[PDB]
């Protein structure tokens, strides 16, 4: 049957992509609800947050790290969670760093520029630079690394790549990628991994950013 239901947004969502990806790779069918905050969704996430999950099990879950790990752990033969205890902890590290130090800061750079949230050129400039100072850590770490953790694809590669896809959607044009070659290579590499390509729209990159910090 269907393994469970996943509440999300239409298309590719930065906190959802890995969840779709490892579900397919683990052979778990999912019912994708692309309409958020129905009675069913609030039953899981009272604050109405995407992603939210409920199994056929009828087991309930928010948050994205928890859902991704849950679905992944289903296959006991998976190689997406590290060789050993250290690589696992490392997978946890990158997943938490990307989700709090990159997505949360990039969100406050972005929403004002879409008119969701009040706009202040200086607030937005702050977040843009705080977001990039966190991405700079990854650029640097990836100097002469292929994968975020260990020597093969992990959940961190999938989950993090899906996270940072927010920036490739709006801000990271050719210039930015010239300037940030390792993150760009690694991101473009994870996007072409079949597990990840299978559950996403066609790969596409900005030429110029869709956004600069104008209102």
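Residue numbers count along the first chain shown, from 1.
Taking the PDB entry as given, 39-47 carries the higher mean Cα B factor of the two stretches 39-47 and 150-158.
Taking the PDB entry as given, 52-60 carries the higher mean Cα B factor of the two stretches 182-190 and 52-60. Listed residues 103, 124, 138, 92 were ranked by CA B-factor as deposited; 124 comes out on top.
Annotation for residue 166: CA B-factor lies in the lowest third of the chain's modelled residues. For residue 83, the recorded CA B-factor ranks within the highest third of the chain. Only modelled residues enter the ranking. The PDB entry assigns residue 175 a C-alpha temperature factor belonging to the middle third of its chain's modelled residues. Residue 96: CA B factor lies in the lowest third for its chain, per the PDB record. Annotation for residue 15: C-alpha temperature factor in the middle third relative to the rest of the modelled chain, per the entry.
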